[PDB]
Structure formats: C-alpha cells, structure tokens
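Residue numbers (my numbering), protein chains in the order written: chain W, 26 to 331; chain D, 26 to 331. What follows is a short report on a single structure.
2 protein chains.
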Amino acid sequence: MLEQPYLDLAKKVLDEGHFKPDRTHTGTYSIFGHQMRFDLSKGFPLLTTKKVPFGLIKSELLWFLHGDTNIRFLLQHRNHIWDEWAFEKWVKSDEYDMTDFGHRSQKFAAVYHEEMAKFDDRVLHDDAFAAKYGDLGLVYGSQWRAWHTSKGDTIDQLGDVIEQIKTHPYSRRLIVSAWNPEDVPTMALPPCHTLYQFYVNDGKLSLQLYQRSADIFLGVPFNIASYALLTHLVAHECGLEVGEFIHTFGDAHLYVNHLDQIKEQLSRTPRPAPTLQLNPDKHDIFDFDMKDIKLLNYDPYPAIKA
Amino acid sequence: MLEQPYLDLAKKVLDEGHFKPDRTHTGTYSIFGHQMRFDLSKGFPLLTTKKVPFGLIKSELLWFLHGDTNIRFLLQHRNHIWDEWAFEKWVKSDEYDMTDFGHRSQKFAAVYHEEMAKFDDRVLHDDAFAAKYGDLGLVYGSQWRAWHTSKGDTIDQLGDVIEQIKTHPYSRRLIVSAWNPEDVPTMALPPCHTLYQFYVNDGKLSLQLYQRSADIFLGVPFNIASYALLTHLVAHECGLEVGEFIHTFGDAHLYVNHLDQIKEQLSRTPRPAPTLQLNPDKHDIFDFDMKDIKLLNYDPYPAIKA
Ligand SMILES: Cc1cccc2c1C(=O)N(c1cc(-c3ccccc3)ccc1O)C2=O
Ligand SMILES: Cc1cccc2c1C(=O)N(c1cc(-c3ccccc3)ccc1O)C2=O
Ligand SMILES: O=c1ccn([C@H]2C[C@H](O)[C@@H](COP(=O)(O)O)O2)c(=O)[nH]1
Ligand SMILES: O=c1ccn([C@H]2C[C@H](O)[C@@H](COP(=O)(O)O)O2)c(=O)[nH]1
Numbered sequence: 026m027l028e029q030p031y032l033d034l035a036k037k038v039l040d041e042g043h044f045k046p047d048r049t050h051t052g053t054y055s056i057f058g059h060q061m062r063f064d065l066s067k068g069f070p071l072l073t074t075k076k077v078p079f080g081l082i083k084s085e086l087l088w089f090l091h092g093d094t095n096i097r098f099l100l101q102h103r104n105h106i107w108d109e110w111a112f113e114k115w116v117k118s119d120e121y122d123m124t125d126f127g128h129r130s131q132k133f134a135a136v137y138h139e140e141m142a143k144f145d146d147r148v149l150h151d152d153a154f155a156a157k158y159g160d161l162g163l164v165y166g167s168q169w170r171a172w173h174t175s176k177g178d179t180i181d182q183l184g185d186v187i188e189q190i191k192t193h194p195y196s197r198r199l200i201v202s203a204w205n206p207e208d209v210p211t212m213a214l215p216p217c218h219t220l221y222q223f224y225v226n227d228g229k230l231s232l233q234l235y236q237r238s239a240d241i242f243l244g245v246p247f248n249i250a251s252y253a254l255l256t257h258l259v260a261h262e263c264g265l266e267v268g269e270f271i272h273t274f275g276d277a278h279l280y281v282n283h284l285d286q287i288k289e290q291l292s293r294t295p296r297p298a299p300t301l302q303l304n305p306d307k308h309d310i311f312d313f314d315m316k317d318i319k320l321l322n323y324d325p326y327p328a329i330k331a
Numbered sequence: 026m027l028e029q030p031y032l033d034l035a036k037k038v039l040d041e042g043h044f045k046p047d048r049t050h051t052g053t054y055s056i057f058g059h060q061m062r063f064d065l066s067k068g069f070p071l072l073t074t075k076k077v078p079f080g081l082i083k084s085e086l087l088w089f090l091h092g093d094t095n096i097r098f099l100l101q102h103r104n105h106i107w108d109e110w111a112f113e114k115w116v117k118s119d120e121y122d123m124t125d126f127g128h129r130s131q132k133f134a135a136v137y138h139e140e141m142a143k144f145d146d147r148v149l150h151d152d153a154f155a156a157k158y159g160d161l162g163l164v165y166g167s168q169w170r171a172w173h174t175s176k177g178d179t180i181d182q183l184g185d186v187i188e189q190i191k192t193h194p195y196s197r198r199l200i201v202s203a204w205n206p207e208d209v210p211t212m213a214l215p216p217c218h219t220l221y222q223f224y225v226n227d228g229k230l231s232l233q234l235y236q237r238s239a240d241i242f243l244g245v246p247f248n249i250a251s252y253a254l255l256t257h258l259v260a261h262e263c264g265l266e267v268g269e270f271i272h273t274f275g276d277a278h279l280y281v282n283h284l285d286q287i288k289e290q291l292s293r294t295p296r297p298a299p300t301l302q303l304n305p306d307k308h309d310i311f312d313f314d315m316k317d318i319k320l321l322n323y324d325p326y327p328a329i330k331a
C-alpha cells in the first residue's frame with residue numbers, strides 16, 4: 026500500500042539503526058541515506074496509520090508559496106506550528122522569565138501556554154510588533170521565493186523553476202535549494218529540507234527531496250505530505266499529471282522517547298489512501314488559498330499523543 | 026561484488042529508462058532518483074569492468090582540494106580533462122576560427138588538437154595568459170573551499186566541515202553544497218555534483234552525494250571514484266575508518282550513442298576490486314600530492330573507446 030515505505034523506514038531504524046546522543050540528553054537511533062518512493066497516481070501519501078493534520082500542512086505550504094516568513098498568516102489559519110521559534114526570539118530580545126522554556130515545558134504549562142498566547146495575539150493585530158517579532162527571517166519562504174544575492178538583489182528560485190518546467194520539461198537543471206552556505210554557520214534553523222528537484226517523464230511531474238535530517242515520528246509524515254502537495258500544485262500549474270515523489274534522507278532518526286509510540290503504530294494496518302482535488306480553474310499556485318485544495322476520503326487511525 | 030550497483034544502474038536504464046532529446050540532437054535514456062551503495066571496507070570502487078584512469082581522478086581531486094580553478098595544475102599532471110571549457114572560453118574572447126568545435130570535432134582533428142596544444146602550452150608558462158584564460162572561475166575548487174559571500178568575503182565550506190567532523194562527529198549538519206542560486210542562471214556548468222554530506226557511525230566515515238545529472242557511461246565511473254577517494258582522505262584526516270559511499274542521482278542518463286558500448290561492458294564479469302593505501306604520516310588532505318595516494322591490485326578489463 027502507498028504508505029509502506031514510511032512503515033519500513035520506521036522498522037529499519039529500531040531494528041538495525043545505530044545509537045548516538047544529541048544537543049539535549051535524550052538519545053537517537055538513526056540511518057544514513059535511505060530512500061522512499063510514492064507513486065502519486067495511486068493516491069495521496071497522508072498516513073492512514075496515524076491521523077496527520079492536513080489543514081496545517083496546506084496553510085504552512087501556501088505560506089512558503091507566498092514567500093512569507095511571518096507567523097501571522099499562520100495564526101490567521103489557526104496553525105501554531107512555527108510559533109515556537111518566534112516566541113523563542115522574543116524572550117531574549119532587549120524588550121522582554123521564559124528563558125529555556127524548552128527543556129522544561131513538560132513539568133507552569135499554565136503560564137507558558139498563556140505568555141505564548143500574549144505573544145500570539147499582539148503579533149495577530151499589532152503591525153509594529155509583528156514586523157519585529159512575527160518575522161522568522163530566514164526560512165522556506167525566503168530561500169524558495171526570495172533568495173538574497175551578492176549585489177543585494179533578490180531571487181525567486183521556485184518561480185524561475187516553474188517557468189522552466191513549462192519551457193524545458195526535460196532540463197536536468199530544475200533544482201531548488203534551501204541551503205545557503207552564507208547563512209548556515211549562524212542561523213536559527215539550517216533548513217532541514219535541503220534540496221529538491223523536479224523531473225518530467227512523458228506527461229508526469231516527479232520530484233525528489235534531499236532531506237539532511239528527519240525525526241521519523243514527528244517530522245516525516247508531515248514532510249511527505251507537504252512535498253506531495255508541492256508536487257501536485259506544480260503539475261497542476263504546468264498541465265502535467267503527477268509522477269513519483271521520491272524522498273531521500275541523509276540522517277533519518279528516532280529519538281529514544283518515541284520508541285513505544287512508533288511501535289504501537291507499527292501494529293496498525295494501512296487503509297485505502299485518499300485523493301486530492303484541486304480547483305481546476307486556477308493554475309497559479311502562488312495565489313492559492315485553502316478551499317482550492319480538497320482531501321477526499323481521509324480515514325486515519327487515531328492520532329498518537331507524543 | 027562491489028561494483029554491481031554500477032552495472033545494475035546501467036541495465037535498469039536501457040531496459041526500462043525513458044526516451045527524450047537533449048541540447049544537441051542525439052537523444053537520451055534516463056531515470057529519476059536511483060541510489061547506489063558501496064561499502065568501502067570491502068575495497069575500492071574503481072571499475073574493473075572498464076579501466077578507469079585513477080591517475081587523472083586524483084590529480085583532479087587534489088586540484089579541488091587546493092581550491093584551485095586554474096587548468097595549469099591539471100596540465101602539469103598531464104590531465105586535459107577540463108581543458109575544453111577553458112579552450113572554449115578563449116576562442117570567443119575579444120583576443121582570439123575554432124567556433125563550435127564541439128558539434129564537429131569528429132569529422133580538422135589535426136588543427137584543433139594543435140590549436141588546443143597552443144592554448145595548452147601558453148597556459149603552461151605564460152602567467153598573464155593563464156590568469157585570464159587558464160582560470161575556469163566557478164567550479165568545484167571555489168564552491169568547496171572559497172564560496173563567495175554577500176558582504177564580499179570568502180568561505181571554505183569543506184574546511185569548516187572537516188573541523189566539524191573532528192568536533193561533532195554526530196552532527197546532521199555536515200554538508201557541502203556546490204549549488205549557488207546566484208551563479209546558476211548564468212554560468213558555465215551548473216555543478217553536476219550538487220551536494221554532499223558526511224555522517225559518522227561508530228568509527229566509520231560515510232558520505233552521500235546528490236548528483237542532479239549523470240552520463241552513466243562517461244561520467245559516473247569517474248564520479249564514483251572521486252567521491253570514494255574523497256571519503257577515504259577525510260576519514261584518514263579525522264582518524265576515522267571508512268563507512269559507506271552512497272550515490273544518489275536525480276537524472277541518471279545514457280545517450281543513444283553509448284547504447285552498444287555499455288552493452289558490451291555489460292557482458293563483462295567484475296574482478297576482485299582494489300585497495301587504497303595512503304601516506305600514514307600525513308593527515309592534511311589539503312597539502313596532499315600524488316605519491317601520498319596508492320592504488321593496490323587494479324586489474325581492469327580494457328578501456329572502452331567512445
Ligand atoms: C525547537 C526545535 C529543536 C529541534 C528541531 C526543530 C525544532 C523546531 O521548532 N523545528 C521545526 C519543526 C517544524 C515541523 C513542522 C511540521 C511537523 C513537524 C515539525 C517546522 C519548523 C521547525 O522549526 C525543528 O525541526
Ligand atoms: C562540453 C560539455 C557538455 C555537456 C556536459 C559536460 C561538458 C563537459 O566538458 N563536462 C565536464 C565533464 C567532466 C568529466 C570529468 C571526468 C569524467 C567525465 C567528465 C569534468 C568537467 C566538465 O565540465 C560536462 O559534464
Ligand atoms: O520537517 C522537519 C523539520 C525538522 N525535523 C527535525 C529532525 C531533527 O531533529 C532536526 C534537524 O536539525 P538538526 O538536529 O540536525 O540540528 O529537525 C524533521 O524531522 N522534519
Ligand atoms: O562528473 C560528471 C560531470 C558531468 N556529467 C554530465 C552528464 C550531463 O549530460 C551533464 C549535466 O549537465 P546538463 O546536461 O544537465 O545541463 O553533465 C556527468 O555525468 N558526470
């Protein structure tokens with residue numbers, strides 16, 4: 026079934042993955058350079074063995090697709106998935122006792138979840154507060170649609186690439202990179218989703234993602250879904266049908282905390298996977314909003330608390 | 026045997042690869058996103074089913090490793106493997122009838138192979154002629170060891186990464202990129218070897234290359250060898266033993282010209298693969314020269330004329 030690759034990567038890690046610690050003291054289990062292939066023509070890669078929230082993944086994807094780096098858009102869609110790093114960089118600004126809320130968010134959750142709601146609402150209406158503290162700066166929206174140059178101009182990689190899909194479907198140069206050597210040695214997040222590339226194959230748009238790093242429990246199921254949604258939107262924009270999504274990792278990992286959770290999931294059997302309908306009268310994935318994107322027949326197993 | 030992956034990728038392309046034309050009218054056969062794994066501990070990945078010239082591949086590798094982009098070093102080692110693009114950009118300089126020597130190099134080979142030897146020798150001793158025409162500019166040596174920044178400074182990615190292998194073997198951030206979005210829309214060669222990454226696994230240095238594009242006959246056997254040599258040198262520099270080399274492609278292709286050649290090769294059986302000895306008293310891969318690098322037991326089948 027379409028989502029087996031995800032389940033096989035989960036099992037290959039517990040069984041034969043290697044142990045090492047991390048930047049907090051919790052431990053991982055990992056493997057270098059494992060692929061996953063998902064034929065998009067046989068459905069859509071959202072895990073039925075764990076409810077994944079598609080609502081968020083679209084909001085967050087269209088964000089990137091606007092080239093915005095500002096947590097607001099995310100809030101006005103009820104998506105607090107990037108709150109944290111923004112919040113982070115508001116406690117240590119000269120203007121703010123939530124220092125290291127991370128290492129002890131789980132032992133006080135009545136103050137944080139409230140001082141995070143203060144931040145959230147001031148960002149939600151205060152322009153001058155958003156513009157300073159809502160803006161993540163260097164994140165998928167910039168690298169994808171406004172890569173900062175040398176002679177201080179800006180580049181829309183994804184834009185150019187898309188025209189280039191129209192122009193020369195058969196180019197081997199259809200690449201988008203989130204890896205800026207100049208930004209990564211001092212940076213919030215060195216882009217986990219490193220690099221992707223399109224490829225066009227008698228009618229079908231394919232795409233392959235190079236992902237330097239992956240939390241197989243929390244992160245990968247999401248990633249799989251953005252990047253297929255990404256592959257659908259673009260094929261749609263270019264009049265192409267949908268090929269394969271090909272997911273390649275350097276380091277794919279499980280933290281020792283998630284060992285039991287994933288095991289349970291491993292006991293679940295996949296279900297017929299769903300379908301994407303897209304608004305067949307827009308073909309400008311940049312001015313897409315939520316109702317242009319429809320998931321049909323999503324029948325997951327219960328979410329797994331984590 | 027160690028080199029089977031190469032033979033399987035060769036067969037998977039003829040059998041089930043898809044047809045398309047290219048930027049000259051000759052045709053390809055290709056497949057998106059195929060991996061290759063080579064355990065370096067069981068030998069060294071130089072094709073026994075076709076003699077590959079290791080002499081060149083080292084010279085060309087140490088070049089990159091010096092961060093030079095100037096064809097001279099290559100010439101004083103008797104390696105004309107990057108001559109062509111330099112020569113190219115000397116015929117159309119304001120100062121030079123060899124215009125489009127490419128599309129008809131094979132129908133006059135007594136004039137070219139001589140006007141290419143003129144270029145070659147003037148570059149070999151004339152400083153002011155080399156500095157203008159010997160310099161490729163934007164190529165593996167710059168991106169790897171001197172990436173041009175925004176505030177006009179320079180970055181040695183590979184350097185920093187190497188210290189970082191020593192420092193934090195277990196980082197998931199051990200990446201080197203040859204893909205500069207600012208340089209690729211107007212450029213000689215948008216780096217075919219896009220991106221690579223290290224990874225450290227109870228003692229063993231691994232490395233995985235993302236290669237956007239590949240001529241499976243002419244290019245890949247070379248590539249495989251540089252990138253294992255690359256993996257050996259660094260492990261050696263960090264006191265690590267040698268893990269896996271993991272070779273990932275976007276578009277891997279065969280041009281229709283090479284269909285018979287490769288078929289013949291496909292009839293050959295691999296042989297015990299060779300061994301690398303390295304000078305066990307240097308550990309500074311940047312000041313390596315040729316005699317510090319030894320291939321033991323290379324027993325290839327004959328080269329294949331192409
Ligand atoms: C605090 C901390 C520490 C290590 C590693 C990450 C973070 C973190 O906040 N993120 C992150 C996750 C997602 C994300 C989005 C959907 C699903 C799962 C994760 C999106 C943006 C992010 O910056 C990390 O990867
Ligand atoms: C002219 C032209 C046209 C298309 C594509 C390439 C070239 C070309 O000159 N090169 C190239 C090849 C190698 C190389 C090195 C060892 C083995 C095989 C190839 C090294 C540097 C290069 O720029 C192309 O990839
Ligand atoms: O979409 C995402 C985003 C982040 N991560 C996580 C996994 C890693 O723990 C971390 C990568 O950054 P480093 O740990 O390598 O610094 O991000 C994912 O798995 N998927
Ligand atoms: O080490 C190398 C260097 C170059 N190529 C070739 C194959 C492709 O024909 C070309 C890639 O550039 P584009 O054709 O995609 O423009 O370079 C290789 O296979 N291996």
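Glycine is no exception: its CB is placed at the ideal position from the N, C-alpha and C atoms.
Please check if any C-beta of chain D sits within less than 8 Å of the C-beta of residue i.
i	result
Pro30 of chain W	no
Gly244 of chain W	no
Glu207 of chain W	yes
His43 of chain W	yes
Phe89 of chain W	no
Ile190 of chain W	no
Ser231 of chain W	yes
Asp185 of chain W	yes
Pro210 of chain W	yes
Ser175 of chain W	yes
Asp64 of chain W	no
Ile241 of chain W	no
For chain W, check one thing: does any of its Cβ atoms lie closer than 8 Å to the Cβ of residue i?
i	result
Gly92 of chain D	no
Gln236 of chain D	no
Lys67 of chain D	no
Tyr165 of chain D	no
Where does residue i land, buried or exposed, given buried means 16+ other C-beta within 10 angstroms?
i	result
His257 of chain D	buried
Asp285 of chain W	exposed
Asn226 of chain D	buried
residue 22 of chain W	Any question about residue 22 of chain W goes unanswered here, given that chain W covers just 26 to 331.
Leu230 of chain W	buried
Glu41 of chain D	exposed
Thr53 of chain W	buried
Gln290 of chain W	buried
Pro215 of chain D	buried
residue 348 of chain D	With chain D covering only 26 through 331, there is no way to say anything about residue 348 of chain D.
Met315 of chain D	exposed
Can you pull the chain W residues whose beta carbon is under 7 Å from the beta carbon of residue i, in chain order?
i	result
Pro215 of chain D	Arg198
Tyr224 of chain D	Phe57, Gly275 and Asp276
What in chain W is Cβ-close to residue i, meaning under 9 Å?
i	result
residue 369 of chain D	Only positions 26 to 331 of chain D appear in this structure, which leaves residue 369 of chain D out of reach.
Measuring only from the beta carbon, is residue i closer than 7 Å to any heavy atom that is part of ligand 1?
i	result
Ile249 of chain W	no
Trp110 of chain W	yes
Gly159 of chain W	no
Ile106 of chain W	yes
Could you list which residues in chain W have their beta carbon closer than 8 Å to that of residue i, in chain order?
i	result
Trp172 of chain D	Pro206 and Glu207
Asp40 of chain D	Near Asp40 of chain D there are no residues of chain W at all, since even the closest Cβ is about 16 Å away, more than 8 Å.
Let me check one thing: in DSSP terms, what residues is residue i bridge-paired to?
i	result
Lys319 of chain W	W:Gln302
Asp276 of chain W	W:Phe57 and W:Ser238
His43 of chain W	W:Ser55
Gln222 of chain W	W:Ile200 and W:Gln233
Let me check you understand the geometry: is the CB of residue i closer than 7 Å to at least one non-hydrogen atom of ligand 2?
i	result
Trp172 of chain W	no
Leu243 of chain D	yes
Hey, would you say the C-beta of residue i is under 7 Å away from at least one heavy atom of ligand 3?
i	result
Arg97 of chain W	no
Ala239 of chain W	yes
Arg198 of chain D	yes
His59 of chain W	no
For residue i, which residues in chain A fall below 8 Å Cβ to Cβ?
i	result
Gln60 of chain D	Protein chains W and D are contained in the structure displayed, whereas chain A is not.
Quick one: which chain D residues come within Cβ less than 8 Å of residue i?
i	result
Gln182 of chain W	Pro206
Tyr195 of chain W	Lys45, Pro46 and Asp47
Mind listing the chain D neighbours of residue i? Cutoff is C-beta to C-beta under 7 Å, in chain order.
i	result
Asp227 of chain W	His43
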